[PDB]
file entry.pdb (PDB, C-alpha atoms (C1' of nucleotides) and all ligand atoms)
ATOM      1  CA  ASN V1031      10.464 -51.496-216.941  1.00  0.00           C
ATOM      2  CA  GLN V1032      10.525 -48.789-214.235  1.00  0.00           C
ATOM      3  CA  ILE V1033       7.891 -49.838-211.630  1.00  0.00           C
ATOM      4  CA  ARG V1034      10.535 -52.251-210.191  1.00  0.00           C
ATOM      5  CA  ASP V1035       8.540 -53.563-207.251  1.00  0.00           C
ATOM      6  CA  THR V1036      10.271 -55.775-204.676  1.00  0.00           C
ATOM      7  CA  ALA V1037       6.848 -56.867-203.449  1.00  0.00           C
ATOM      8  CA  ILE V1038       6.250 -58.278-206.935  1.00  0.00           C
ATOM      9  CA  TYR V1039       9.574 -60.114-207.360  1.00  0.00           C
ATOM     10  CA  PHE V1040       8.794 -62.143-204.226  1.00  0.00           C
ATOM     11  CA  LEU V1041       4.988 -62.116-204.439  1.00  0.00           C
ATOM     12  CA  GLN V1042       3.020 -65.256-203.653  1.00  0.00           C
ATOM     13  CA  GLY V1043      -0.605 -66.280-204.081  1.00  0.00           C
ATOM     14  CA  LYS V1044      -1.953 -62.726-204.615  1.00  0.00           C
ATOM     15  CA  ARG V1045      -0.823 -61.866-201.079  1.00  0.00           C
ATOM     16  CA  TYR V1046       0.713 -58.416-201.381  1.00  0.00           C
ATOM     17  CA  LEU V1047       3.405 -58.917-198.822  1.00  0.00           C
ATOM     18  CA  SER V1048       4.108 -56.913-195.674  1.00  0.00           C
ATOM     19  CA  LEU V1049       7.838 -56.196-195.893  1.00  0.00           C
ATOM     20  CA  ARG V1050       8.331 -56.141-192.098  1.00  0.00           C
ATOM     21  CA  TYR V1051       8.607 -59.924-191.958  1.00  0.00           C
ATOM     22  CA  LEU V1052      10.554 -59.924-195.234  1.00  0.00           C
ATOM     23  CA  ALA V1053      13.204 -57.713-193.659  1.00  0.00           C
ATOM     24  CA  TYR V1054      13.021 -59.766-190.461  1.00  0.00           C
ATOM     25  CA  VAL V1055      13.776 -62.952-192.420  1.00  0.00           C
ATOM     26  CA  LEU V1056      16.005 -61.975-195.323  1.00  0.00           C
ATOM     27  CA  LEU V1057      18.095 -59.487-193.332  1.00  0.00           C
ATOM     28  CA  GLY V1058      18.512 -58.353-189.751  1.00  0.00           C
ATOM     29  CA  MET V1059      15.205 -57.821-187.952  1.00  0.00           C
ATOM     30  CA  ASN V1060      15.759 -54.109-187.350  1.00  0.00           C
ATOM     31  CA  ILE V1061      12.633 -53.340-189.399  1.00  0.00           C
ATOM     32  CA  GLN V1062      10.609 -55.130-186.712  1.00  0.00           C
ATOM     33  CA  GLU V1063      10.941 -52.308-184.144  1.00  0.00           C
ATOM     34  CA  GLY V1064       8.500 -49.547-185.073  1.00  0.00           C
ATOM     35  CA  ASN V1065       8.432 -45.776-185.689  1.00  0.00           C
ATOM     36  CA  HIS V1066       7.779 -46.141-189.458  1.00  0.00           C
ATOM     37  CA  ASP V1067      10.911 -44.454-190.847  1.00  0.00           C
ATOM     38  CA  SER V1068      10.393 -43.951-194.595  1.00  0.00           C
ATOM     39  CA  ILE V1069      14.136 -43.588-195.223  1.00  0.00           C
ATOM     40  CA  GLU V1070      14.618 -46.908-193.431  1.00  0.00           C
ATOM     41  CA  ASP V1071      11.811 -48.305-195.617  1.00  0.00           C
ATOM     42  CA  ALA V1072      13.437 -47.272-198.885  1.00  0.00           C
ATOM     43  CA  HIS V1073      16.887 -48.311-197.650  1.00  0.00           C
ATOM     44  CA  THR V1074      15.706 -51.777-196.636  1.00  0.00           C
ATOM     45  CA  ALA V1075      13.813 -52.040-199.921  1.00  0.00           C
ATOM     46  CA  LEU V1076      17.115 -51.170-201.604  1.00  0.00           C
ATOM     47  CA  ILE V1077      18.827 -53.944-199.634  1.00  0.00           C
ATOM     48  CA  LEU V1078      16.071 -56.448-200.499  1.00  0.00           C
ATOM     49  CA  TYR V1079      16.284 -55.453-204.159  1.00  0.00           C
ATOM     50  CA  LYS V1080      20.036 -56.078-203.975  1.00  0.00           C
ATOM     51  CA  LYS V1081      19.231 -59.448-202.397  1.00  0.00           C
ATOM     52  CA  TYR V1082      16.919 -60.157-205.338  1.00  0.00           C
ATOM     53  CA  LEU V1083      19.743 -59.175-207.701  1.00  0.00           C
ATOM     54  CA  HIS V1084      22.266 -61.430-205.956  1.00  0.00           C
ATOM     55  CA  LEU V1085      20.036 -64.485-205.680  1.00  0.00           C
ATOM     56  CA  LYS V1086      18.677 -63.938-209.197  1.00  0.00           C
ATOM     57  CA  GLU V1087      22.274 -63.984-210.351  1.00  0.00           C
ATOM     58  CA  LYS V1088      22.199 -67.233-208.379  1.00  0.00           C
ATOM     59  CA  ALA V1089      18.739 -67.791-209.971  1.00  0.00           C
ATOM     60  CA  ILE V1090      17.705 -70.309-207.276  1.00  0.00           C
ATOM     61  CA  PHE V1091      15.837 -67.934-204.967  1.00  0.00           C
ATOM     62  CA  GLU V1092      12.455 -69.620-205.518  1.00  0.00           C
ATOM     63  CA  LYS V1093      13.644 -72.834-203.828  1.00  0.00           C
ATOM     64  CA  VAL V1094      14.750 -71.380-200.495  1.00  0.00           C
ATOM     65  CA  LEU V1095      12.055 -68.712-200.984  1.00  0.00           C
ATOM     66  CA  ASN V1096       9.240 -71.273-201.037  1.00  0.00           C
ATOM     67  CA  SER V1097      10.906 -73.167-198.180  1.00  0.00           C
ATOM     68  CA  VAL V1098      10.865 -70.080-195.970  1.00  0.00           C
ATOM     69  CA  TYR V1099       7.382 -69.289-197.345  1.00  0.00           C
ATOM     70  CA  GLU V1100       6.087 -72.589-195.949  1.00  0.00           C
ATOM     71  CA  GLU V1101       8.191 -72.064-192.807  1.00  0.00           C
ATOM     72  CA  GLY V1102       6.704 -68.626-192.208  1.00  0.00           C
ATOM     73  CA  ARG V1103       3.235 -69.924-192.930  1.00  0.00           C
ATOM     74  CA  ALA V1104       3.830 -72.271-190.045  1.00  0.00           C
ATOM     75  CA  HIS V1105       4.542 -68.887-188.417  1.00  0.00           C
ATOM     76  CA  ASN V1106       1.469 -67.714-190.454  1.00  0.00           C
ATOM     77  CA  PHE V1107       3.592 -64.753-191.708  1.00  0.00           C
ATOM     78  CA  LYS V1108       3.086 -62.848-188.454  1.00  0.00           C
ATOM     79  CA  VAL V1109       5.450 -60.412-186.723  1.00  0.00           C
ATOM     80  CA  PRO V1110       8.141 -62.253-184.691  1.00  0.00           C
ATOM     81  CA  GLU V1111       8.262 -60.689-181.234  1.00  0.00           C
TER      82      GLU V1111
ATOM     83  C1'   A J   1    -106.040 -39.875-289.889  1.00  0.00           C
ATOM     84  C1'   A J   2    -103.601 -45.571-283.207  1.00  0.00           C
ATOM     85  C1'   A J   3    -100.823 -39.368-285.397  1.00  0.00           C
ATOM     86  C1'   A J   4     -97.393 -39.923-277.770  1.00  0.00           C
ATOM     87  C1'   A J   5     -95.637 -35.143-272.239  1.00  0.00           C
ATOM     88  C1'   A J   6     -90.161 -35.222-275.712  1.00  0.00           C
ATOM     89  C1'   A J   7     -88.261 -35.270-268.068  1.00  0.00           C
ATOM     90  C1'   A J   8     -85.999 -30.750-261.279  1.00  0.00           C
ATOM     91  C1'   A J   9     -83.238 -30.691-257.977  1.00  0.00           C
ATOM     92  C1'   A J  10     -76.699 -33.742-261.473  1.00  0.00           C
ATOM     93  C1'   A J  11     -83.435 -38.611-260.935  1.00  0.00           C
ATOM     94  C1'   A J  12     -85.646 -42.897-264.264  1.00  0.00           C
ATOM     95  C1'   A J  13     -84.913 -46.672-266.713  1.00  0.00           C
ATOM     96  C1'   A J  14     -82.378 -51.091-274.327  1.00  0.00           C
ATOM     97  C1'   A J  15     -79.024 -56.318-273.510  1.00  0.00           C
ATOM     98  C1'   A J  16     -73.115 -55.747-275.632  1.00  0.00           C
ATOM     99  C1'   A J  17     -74.628 -63.065-277.278  1.00  0.00           C
ATOM    100  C1'   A J  18     -76.797 -69.256-277.629  1.00  0.00           C
ATOM    101  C1'   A J  19     -78.061 -76.308-275.237  1.00  0.00           C
ATOM    102  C1'   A J  20     -77.558 -76.657-281.424  1.00  0.00           C
ATOM    103  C1'   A J  21     -83.843 -82.810-280.559  1.00  0.00           C
ATOM    104  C1'   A J  22     -81.484 -79.944-286.393  1.00  0.00           C
ATOM    105  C1'   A J  23     -82.061 -86.412-285.377  1.00  0.00           C
ATOM    106  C1'   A J  24     -83.008 -93.572-282.956  1.00  0.00           C
ATOM    107  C1'   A J  25     -83.453 -89.036-274.765  1.00  0.00           C
ATOM    108  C1'   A J  26     -82.592 -94.476-268.303  1.00  0.00           C
ATOM    109  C1'   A J  27     -83.159 -94.259-262.522  1.00  0.00           C
ATOM    110  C1'   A J  28     -79.135 -86.657-258.059  1.00  0.00           C
ATOM    111  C1'   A J  29     -70.402 -89.293-259.196  1.00  0.00           C
ATOM    112  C1'   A J  30     -73.784 -82.518-255.572  1.00  0.00           C
ATOM    113  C1'   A J  31     -68.281 -79.804-255.179  1.00  0.00           C
ATOM    114  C1'   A J  32     -72.389 -78.386-250.080  1.00  0.00           C
ATOM    115  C1'   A J  33     -79.282 -76.601-250.990  1.00  0.00           C
ATOM    116  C1'   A J  34     -79.343 -76.409-246.122  1.00  0.00           C
ATOM    117  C1'   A J  35     -83.333 -68.620-243.029  1.00  0.00           C
ATOM    118  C1'   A J  36     -84.788 -67.307-237.352  1.00  0.00           C
ATOM    119  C1'   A J  37     -83.795 -62.328-231.579  1.00  0.00           C
ATOM    120  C1'   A J  38     -85.543 -57.709-231.736  1.00  0.00           C
ATOM    121  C1'   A J  39     -86.897 -55.089-224.396  1.00  0.00           C
ATOM    122  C1'   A J  40     -82.859 -51.893-223.216  1.00  0.00           C
ATOM    123  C1'   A J  41     -79.322 -59.064-225.864  1.00  0.00           C
ATOM    124  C1'   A J  42     -75.052 -63.593-229.335  1.00  0.00           C
ATOM    125  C1'   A J  43     -68.387 -61.130-228.031  1.00  0.00           C
ATOM    126  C1'   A J  44     -59.467 -65.349-228.266  1.00  0.00           C
ATOM    127  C1'   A J  45     -54.429 -61.834-228.713  1.00  0.00           C
ATOM    128  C1'   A J  46     -49.564 -64.271-227.928  1.00  0.00           C
ATOM    129  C1'   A J  47     -47.323 -64.187-231.859  1.00  0.00           C
ATOM    130  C1'   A J  48     -51.133 -68.681-235.239  1.00  0.00           C
ATOM    131  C1'   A J  49     -49.852 -76.634-236.775  1.00  0.00           C
ATOM    132  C1'   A J  50     -42.860 -78.757-231.311  1.00  0.00           C
ATOM    133  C1'   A J  51     -45.119 -85.260-237.296  1.00  0.00           C
ATOM    134  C1'   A J  52     -36.314 -85.124-234.707  1.00  0.00           C
ATOM    135  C1'   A J  53     -35.365 -79.375-227.338  1.00  0.00           C
ATOM    136  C1'   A J  54     -27.732 -82.538-225.259  1.00  0.00           C
ATOM    137  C1'   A J  55     -28.446 -77.514-221.963  1.00  0.00           C
ATOM    138  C1'   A J  56     -23.874 -77.689-214.135  1.00  0.00           C
ATOM    139  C1'   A J  57     -19.716 -71.851-219.135  1.00  0.00           C
ATOM    140  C1'   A J  58     -15.192 -76.526-214.389  1.00  0.00           C
ATOM    141  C1'   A J  59     -12.455 -74.878-209.970  1.00  0.00           C
ATOM    142  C1'   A J  60      -7.801 -73.404-206.117  1.00  0.00           C
ATOM    143  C1'   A J  61      -8.306 -67.577-202.375  1.00  0.00           C
ATOM    144  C1'   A J  62      -3.826 -70.376-196.644  1.00  0.00           C
ATOM    145  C1'   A J  63      -3.740 -64.376-196.963  1.00  0.00           C
ATOM    146  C1'   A J  64      -1.635 -58.053-196.546  1.00  0.00           C
ATOM    147  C1'   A J  65       0.641 -53.720-196.316  1.00  0.00           C
ATOM    148  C1'   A J  66       0.728 -49.591-196.188  1.00  0.00           C
ATOM    149  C1'   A J  67       6.530 -51.123-191.401  1.00  0.00           C
TER     150        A J  67
HETATM  151 MG    MG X1201       3.014 -53.533-197.172  1.00  0.00          MG
END

call {"tool": "encode", "arguments": {"input": "entry.pdb", "output": "structure tokens"}}
result
Amino acid sequence: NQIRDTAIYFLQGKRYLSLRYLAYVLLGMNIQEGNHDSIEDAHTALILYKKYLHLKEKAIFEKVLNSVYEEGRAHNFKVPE
RNA sequence: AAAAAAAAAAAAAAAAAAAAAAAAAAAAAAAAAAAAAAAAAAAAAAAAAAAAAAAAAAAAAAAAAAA
């Protein structure tokens, strides 16, 4: 009940996701720059966990999630630059 | 008066019993009767009778990270 892993709430196909593209899609793509700020990492993970909380209160996040999953696999889940 | 040594080396010696035609009995139904080395000489291991062997146990992984 305490591991609370935002990679696991949005996991797909045993592909342990790289949260750079997750923050580029689900929020502003400010986590696509660089410099590897850990405080930025935890803060964006906080924001994505809040996004999980909001759209799990909406409880329909798998629909648009799988739509943008297929859409980003047309992108092949790469880094948009 | 058939009157013989009275036992080495743990010697050595007894049996502890039969066709019965006694009386007017034919010619193997036995179940098989069945010997040869020795010129430096004969030589299975696995565990040993298939009187009934269906014999691919699904797979799919689009991929990571971890800024
Ligand atoms: Mg990652």

call {"tool": "residues_near_ligand", "arguments": {"input": "entry.pdb", "ligand": "ligand MG 1201 (chain X)", "cutoff": "12 Å", "atoms": "all atoms listed in the file", "output": "ChimeraX atom specification"}}
result
/V:1035-1038,1041,1045-1053,1066,1071,1075 /J:64-67

call {"tool": "closest_residue", "arguments": {"input": "entry.pdb", "among": "V:1093, V:1073, V:1103, V:1088", "to": "chain J", "atoms": "only C-alpha atoms (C1' of nucleotides)"}}
result
V:1103

call {"tool": "residues_around", "arguments": {"input": "entry.pdb", "residues": "residue V:1039", "least_positions_apart": "4", "cutoff": "12 Å", "atoms": "all atoms listed in the file", "output": "count of residues only"}}
result
17

call {"tool": "atom_distance", "arguments": {"input": "entry.pdb", "atom1": "atom CA of residue V:1065", "atom2": "atom CA of residue V:1098"}}
result
26.5 Å

call {"tool": "axis_aligned_box", "arguments": {"input": "entry.pdb", "around": "stretch 1046-1051 of chain V", "padding_each_side": "3 Å", "output": "JSON"}}
result
{"center_x": 4.7, "center_y": -58.0, "center_z": -196.7, "size_x": 13.9, "size_y": 9.8, "size_z": 15.4}

call {"tool": "atom_distance", "arguments": {"input": "entry.pdb", "atom1": "atom CA of residue V:1043", "atom2": "atom CA of residue V:1100"}}
result
12.3 Å

call {"tool": "closest_residue", "arguments": {"input": "entry.pdb", "among": "V:1069, V:1077, V:1109, V:1094", "to": "residue V:1054", "atoms": "all atoms listed in the file"}}
result
V:1109

call {"tool": "resolve_selection", "arguments": {"input": "entry.pdb", "expression": "the PyMOL selection byres (((chain J and resi 61) around 12) and not hetatm)", "output": "PDB file with C-alpha atoms (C1' of nucleotides), in the coordinates of the input"}}
result
ATOM      1  CA  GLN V1042       3.020 -65.256-203.653  1.00  0.00           C
ATOM      2  CA  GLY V1043      -0.605 -66.280-204.081  1.00  0.00           C
ATOM      3  CA  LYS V1044      -1.953 -62.726-204.615  1.00  0.00           C
ATOM      4  CA  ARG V1045      -0.823 -61.866-201.079  1.00  0.00           C
TER       5      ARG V1045
ATOM      6  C1'   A J  59     -12.455 -74.878-209.970  1.00  0.00           C
ATOM      7  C1'   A J  60      -7.801 -73.404-206.117  1.00  0.00           C
ATOM      8  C1'   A J  62      -3.826 -70.376-196.644  1.00  0.00           C
ATOM      9  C1'   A J  63      -3.740 -64.376-196.963  1.00  0.00           C
TER      10        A J  63
END

call {"tool": "atom_distance", "arguments": {"input": "entry.pdb", "atom1": "atom CA of residue V:1062", "atom2": "atom CA of residue V:1084"}}
result
23.4 Å
